[PDB]
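**Q** an experimental structure, sequence included, is below.
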There are 2 protein chains.
Amino acid sequence: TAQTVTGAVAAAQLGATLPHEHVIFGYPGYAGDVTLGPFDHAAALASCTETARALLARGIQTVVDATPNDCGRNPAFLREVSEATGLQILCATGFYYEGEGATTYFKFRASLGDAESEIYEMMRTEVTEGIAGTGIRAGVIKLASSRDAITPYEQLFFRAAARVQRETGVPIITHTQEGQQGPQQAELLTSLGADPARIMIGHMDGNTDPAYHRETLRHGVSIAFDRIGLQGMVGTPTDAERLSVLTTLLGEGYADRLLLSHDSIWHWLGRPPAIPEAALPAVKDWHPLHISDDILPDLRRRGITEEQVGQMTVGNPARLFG
Amino acid sequence: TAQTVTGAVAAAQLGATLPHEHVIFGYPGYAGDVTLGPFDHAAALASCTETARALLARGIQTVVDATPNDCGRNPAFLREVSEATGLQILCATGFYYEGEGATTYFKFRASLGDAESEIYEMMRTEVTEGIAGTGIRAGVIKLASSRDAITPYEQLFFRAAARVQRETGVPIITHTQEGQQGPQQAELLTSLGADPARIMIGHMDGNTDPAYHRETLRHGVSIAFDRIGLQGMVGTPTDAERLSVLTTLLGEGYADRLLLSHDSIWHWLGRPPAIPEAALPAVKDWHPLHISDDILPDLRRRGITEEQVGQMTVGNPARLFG
Ligand SMILES: [Zn+2]
Ligand SMILES: [Zn+2]
Ligand SMILES: [Zn+2]
Ligand SMILES: [Zn+2]
């Protein structure tokens, strides 16, 4: 049973799923720019429902919204987008990595007490009871680490998460910064007793060395090439490079542990970002319709079977989030 | 004319003022802990109005709320507390220092464009038009720097502020981290054309070397001993030490450029902080009634005249914020 923003749905009902996307997203601090960067709800609702309908048209029935608690997460809004289109959306519980999250609060709590237990309580409540007194439960726990290490701050969340996972069985999806720490996250979470069949190490497409992936897959966890379409930003590689590594892994029988997504942001919070035309190519295909329209057909063209595509897009998510 | 959350008030109406306090405050990230750390509005309103009334009983008619945009600032709430008690409250516009603020957003904007102009637009609008479409205007601009330097991130705000100051005349109050950068802030703001008679370098009581203060006062700016009562936390000195430096400066005729406050937080956002009894003495007198009840009477006992006390508590704020 997967927990979505509109209630629990049987794993069989999940269908084709995009395991890591962002309906709305805001970098910490966006709320302080509310005067000139307010949230136009009607505009957002219209834009997001349109994208939701575009996904449903492509066979995608479920989206896992990976937005951390400190990056604009809004379950009520997600629920609104879901009830208006029929698109199933799971939301998360967790904080972003130390490098970009709103870290002051829990760094403070950690100095005056047991932040881990507090973080554990938050996650447990949001997963089993609800978020902000809305009854909307998180369907996944979101974890994130920095590029050079899983910082002590971040480890507070990893430890709390592993515990909620053991006692709830809820799935865990993560963020790896600039193609590193995938093996470490997997090692850390599994050593803490977390179920490797309910863990998805994200942004693994950020590294182009298959050895890095296999070394992460060794832990039994699933890995996600979830920034397909984002070619150039934040150090990411090109899709050509992503598919090269992905086909190699598929050729080594890893289909059952590979997932695909875009890490797209349907509607930004704060003032709309100014995209310099020099970065236009890098974000050209960075939208939720890219995998369906270009990627899957391309994989088939290069030899990937329909069974493997079904495995990555339906089989894997049904098991990981169902 | 001073701009408060309930409208403009003549400088003569300001009266005894606490130039740096926090009705509500939350460390960035507190919003992500909304499930277990929600804002109990009625409780907050009751507690804050009670403190407001306690201040009015002591002759204090005005409070300058220094809460940055990214630390829980809520003008509507402040307005509510003001209309319910008659206590005049000015609110601010600005972001916290890089060390503890929600810096991700504007650091991002600064990489894709001219963050300074954007920060300038925000401040200008909030000071001259209103905040979040409420009509409530900021009566002061809040600036903050780190301990080892005024970082490039922070300088974006200093530059934008100096510009709004020149064209609006609005006052500027600041945050200095761990007793440093006072001279630099004053130097920087004055070199940018900002009116030194409308600048108040805060947390100057964080340094116990009078040379440091005089060296800051050289710029014609006013300085605030605004953490009176906080003895031990975040590196702060004891009040005995604060008053030693303060009496020395008063003995050197600086009364017209010295202000007093507590940097208190009436109601915390997020889960109530857990105060280890070991820190009980350090925060014992860290509340808004400390200066009125213990400090001013003590100054008088040690030779400070009533004229000087009136200068610091009424004369100075009328000029700086009026
Ligand atoms: Zn991520
Ligand atoms: Zn993401
Ligand atoms: Zn401060
Ligand atoms: Zn303060």
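**A** Thanks, I have it. Numbering: from 1, shown residues only, chains lettered A, B, ... in the order given. Ligands and ions are numbered 1, 2, ... in the order given.
**Q** next secondary structure element downstream of the host helix or strand of residue A:158?
**A** Assessed by DSSP states H and E, residue A:158 sits inside helix A:152-168. Downstream of helix A:152-168, the next assigned helix or strand under DSSP H and E is strand A:172-175.
**Q** list the neighbouring strands of that following strand plus their orientation.
**A** strand A:140-144 (parallel), strand A:199-201 (parallel) (DSSP bridges).
**Q** quick one: the helix or strand just after the shortest one to chain centroid distance?
**A** Put plainly, it is strand A:199-201. Sequence order places helix A:210-217 as the next helix or strand after strand A:199-201, per DSSP H and E. Distance, stretch centre to chain centre, for helix A:210-217: 19 Å (Cα atoms, centre = their mean, to the nearest Å).
**Q** and the next helix or strand after helix A:210-217, what other elements does it pack with?
**A** As assigned by DSSP H and E, the chain's next helix or strand after helix A:210-217 is strand A:222-225. Judged by 3 or more Cβ pairs under 8 Å, 6 or more residues apart in numbering or on different chains; DSSP states H and E, strand A:222-225 is in contact with strand A:199-201, helix A:210-217, helix A:239-250, strand A:258-260. From N, CA and C alone the C-beta is placed, and that goes for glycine too.
**Q** show me how far the helix holding residue A:158 is from its chain's centre.
**A** Here helix A:152-168 is found 17 Å from its chain centre; the criterion is Cα atoms, centre = their mean.
**Q** then stretch A:17-34?
**A** In terms of Cα atoms, centre = their mean, the centre of stretch A:17-34 is found 12 Å from the chain centre.
**Q** and ligand 2, is that stretch touching that?
**A** No. Residues of stretch A:17-34 are not located near ligand 2 by Cβ under 5 Å from the ion, the shortest gap being 5.5 Å.
**Q** pull the CA atoms of that stretch into CSV?
**A** Only the C-alpha atoms of stretch A:17-34 are listed here, as CSV (Å, rounded to 0.1, in the frame of the first residue of the first chain):
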residue,chain,number,x,y,z
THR,A,17,5.6,6.3,-12.1
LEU,A,18,8.1,9.3,-12.2
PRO,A,19,9.8,8.7,-8.8
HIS,A,20,11.4,12.1,-8.3
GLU,A,21,9.8,15.3,-9.5
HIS,A,22,8.8,18.7,-8.0
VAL,A,23,5.4,20.2,-8.6
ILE,A,24,6.4,23.3,-6.8
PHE,A,25,9.9,24.1,-5.3
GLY,A,26,11.6,27.0,-3.7
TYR,A,27,15.2,27.5,-2.5
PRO,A,28,15.3,28.3,1.2
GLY,A,29,14.8,32.1,1.5
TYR,A,30,12.2,32.4,-1.2
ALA,A,31,9.6,33.1,1.5
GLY,A,32,11.6,36.2,2.4
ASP,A,33,11.0,37.6,-1.1
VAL,A,34,7.2,37.2,-0.8
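**Q** anything in it near chain B?
**A** Yes. Remark: stretch A:17-34 sits within contact range of chain B at A:26-34, by Cβ under 8 Å from any Cβ of the partner chain.
**Q** how about residue A:204, what does it touch?
**A** The contact partners of residue A:204, taken as Cβ atoms under 8 Å, 6 or more residues apart in numbering or on different chains, are A:176, A:179, A:182, A:212-213, A:216, A:223-226.
**Q** repeat that with 6 Å
**A** By Cβ atoms under 6 Å, 6 or more residues apart in numbering or on different chains, the residues touching residue A:204 are A:182, A:223-224.
**Q** count of residues packed around the nearest residue to it once chain neighbours are set aside?
**A** Spatially, and ignoring its direct neighbours in sequence, residue A:204 is nearest to residue A:223 (4.1 Å; Cβ to Cβ, 6 or more residues apart in numbering or on different chains). Counted by other Cβ atoms under 10 Å in any protein chain shown, the residues lying close to residue A:223 total 28.
**Q** try residue A:160
**A** 23.
**Q** and if you look at residue A:225?
**A** 26.
**Q** report the contact partners of the closest residue to it other than its chain neighbours.
**A** Using Cβ to Cβ, 6+ apart and skipping the chain neighbours, the partner closest in space to residue A:225 is residue A:205 (3.6 Å). Going by Cβ under 6 Å, 6+ apart, residue A:205 touches A:225, A:227, A:242.
**Q** tell me the residue furthest from the middle of chain A?
**A** Distance from the centre of chain A peaks at residue A:112, with 31.0 Å (Cα atoms, centre = their mean).
**Q** grab the nearest non-local neighbour of residue A:125.
**A** residue B:35 (5.5 Å).
**Q** mind putting the contacts of residue A:204 in TSV, distance to residue A:132 included?
**A** Converted to TSV, the contacts of residue A:204 look like this (distance: Cβ to Cβ, whole Å):
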residue	distance to residue A:132
A:182	32
A:223	31
A:224	27
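**Q** that older thread, ok, the residue nearest to residue A:125 to ligand 2 distance?
**A** In this view, residue B:35 and ligand 2 are 21 Å apart by Cβ to the ion, to the nearest Å.
**Q** in a helix, that residue, correct?
**A** No. With DSSP: H, G, I helix; E, B strand; the rest coil as the criterion, residue B:35 is assigned coil and is not in a helix.
**Q** quick check: phi and psi at it.
**A** In terms of degrees, to the nearest 10, the main-chain angles of residue B:35 are phi -60, psi -50.
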